[PDB]
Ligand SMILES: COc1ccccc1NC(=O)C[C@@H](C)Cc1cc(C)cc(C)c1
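A lone chain, given as structure tokens: the form solved without the ligand.
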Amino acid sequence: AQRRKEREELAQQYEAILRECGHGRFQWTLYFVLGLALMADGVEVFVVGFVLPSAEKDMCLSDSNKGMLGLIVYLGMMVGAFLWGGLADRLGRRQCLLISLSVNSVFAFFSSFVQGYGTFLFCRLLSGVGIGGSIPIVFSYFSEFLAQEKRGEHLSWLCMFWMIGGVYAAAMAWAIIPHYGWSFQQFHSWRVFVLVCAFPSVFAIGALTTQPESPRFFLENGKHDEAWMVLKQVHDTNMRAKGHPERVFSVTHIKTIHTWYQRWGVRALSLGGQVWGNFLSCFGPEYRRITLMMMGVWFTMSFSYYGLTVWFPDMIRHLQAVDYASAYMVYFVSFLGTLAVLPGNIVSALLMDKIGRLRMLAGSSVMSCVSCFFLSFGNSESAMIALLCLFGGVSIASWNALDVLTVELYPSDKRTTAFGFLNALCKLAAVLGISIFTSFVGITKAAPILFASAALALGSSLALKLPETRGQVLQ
């Protein structure tokens, strides 16, 4: 009873303090800084989904090994999501984001120089473990600086960088890989592509070193003075940028809540116990129903999205093969599909707070479900490309709404743990969807459509039952 009341008081005072600081230069600087990490996540997603099948160049491996390589990095990302999301609730958002990005950058760098399939597989697995933390940490980290007024719109604009990362990866695949001359004694061009894909995470580390830790984490962990200094930094930056530097931060006091390797082991066991306690508390009676409905929504949406997104270019390739019998194309098709997301991002960001998260999610899910039925009439490659663009454009709004809803439905001391668990479930659903949808390619275009449509309808029916979070302080 007591702790919940104190945390509600803290939430209200934190809302009041963030209204004191206002929204401005600081939040947009942080927006770009974390956008770099979302871009790194998008680059990793593209590489794993479309290139890691050794599409043209590596080719030193059997087809079964191509499938394994194209999939187990998703297991790495699942493990990373759970690990870093759990740890960020105990060690801090900035700390865990820095360590996760350092791991990703280091092992991506290593994967460029390895000489064998197995070591490359291992390096990409660890890079996926590293990058898995970006989404759950980034979204909570940014949300903890936002007032309720336009929180949904501000979070929705964040997803632009994931699309930018996908576009970057596709364009770099187009530019670098075909240029086999960009090699030296053997340092083939795929090494250059792998190396250049690591730049966004290095820039993310560099930029992130400049930003402060989340003050909400400090207040939730008893460190009043550090949170006060960080909040005064936010206020002073925003007022200086707005031409009112003479304004003084009025906040006085903020409510707050409260051998070497053997010591390391003790610390590790304590941290594991705390993370497991948070995860289990996510299933307590006060969050049980929300947690299960979110699990279902996330799983069904991820299954449909990833299965269909990988199925599309394979179907286009099969159509082209059948036409001929009567790589670049995959990269260009993925590039167009990633570009098609931009209008949906713009519209959903502008309308998130106006129409609400629940209606956005349900309407976008229904639109995706009905646009799945159009694929029965995909009579040509042009039609299939157009329908891929349509599906992505309508579906991305569901993801934006789900991100905002996941941020707002959980408390600050569980936010990254719950988000990491749900994102690991998302990556598991991605693995399952890719594996199942790959089997149907060329055999039928009924099974994948029915699977995706049913999953989306189930997701919509589950989404319609979640509570509305507008007009409420960030619990």
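C-alpha atoms forming the largest set that superposes within 1.5 Å between two forms make up the rigid core. Residues carry their position along the shown sequence, with the first being 1.
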**Report entry** Missing coords for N278 in a third or more of other PDB entries
**Finding:** no
Query raised in the report: Relative to the other compared entries, is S100 without coordinates in a third or more of them?
Result: no
**Report entry** Between neighbours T259 and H258, residues that the deposited sequence lists but the model omits
**Finding:** 10 or more
Query - Deposited residues lacking coordinates between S250 and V251 (none, 1 to 3, 4 to 9, 10 or more) - result: none
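The same protein also has a form solved in complex with the ligand, omitted here; what follows describes it.
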Query - Shown-form site status with respect to the ligand as positioned in the deposited complex after superposition (2.4 Å backbone/C-beta criterion, 3+ atoms) - result: blocked
Query - is_contact(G344, the ligand) in the deposited complex, heavy atom dist at most 4.5 Å - result: no
Query raised in the report: Just to confirm, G337 within 4.5 Å of the ligand in the deposited complex by heavy atoms?
Result: yes
Report task. Verify the contact flag for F50: yes if a non-hydrogen atom of it lies within 4.5 Å of a non-hydrogen atom of the ligand in the deposited complex, no if not. Result -> yes
Requested in this report: With heavy atoms only and a cut-off of 4.5 Å, decide whether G70 touches the ligand in the deposited complex.
Outcome: no
Query raised in the report: the ligand isn't shown here, but in the deposited complex which of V234, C96, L388, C197 has a heavy atom within 4.5 Å of it?
Result: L388
Requested in this report: Answer with one of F82, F120, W162, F218: the residue that has a non-hydrogen atom within 4.5 Å of the ligand in the deposited complex.
Outcome: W162
Query raised in the report: Taking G152, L361 and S364 together, does each of them reach the ligand in the deposited complex with some heavy atom inside 4.5 Å?
Result: no
Report summary line: Within 4.5 Å of the ligand in the deposited complex by heavy atoms, the stretch out of 408 to 416, 440 to 448, 57 to 65, 39 to 47 is 39 to 47
Query raised in the report: Pick from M163, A340, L155, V230: whose Cα moves by 2 Å or more between the shown form and the other one, rigid core superposed?
Result: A340
Requested in this report: Classify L319 as shifted (yes) or not shifted (no) between the shown form and the other one, where shifted means its C-alpha moves by 2 Å or more with the rigid core superposed.
Outcome: yes
Report task. Kindly check if the Cα atom of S382 is displaced 2 angstroms or more between the shown form and the other one relative to the superposed rigid core. Result -> yes
Report task. For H179, decide whether the Cα shift between the shown form and the other one is 2 Å or greater, given a superposition on the rigid core. Result -> yes
Query raised in the report: Out of closer and farther, which fits the Cα atoms of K57 and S102 in the deposited complex compared with this form, where the change is 3 Å or more?
Result: farther
Requested in this report: Answer with closer or farther for the CA-CA spacing of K57 and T438 in the deposited complex compared to the shown form; it moves by 3 Å or more.
Outcome: closer
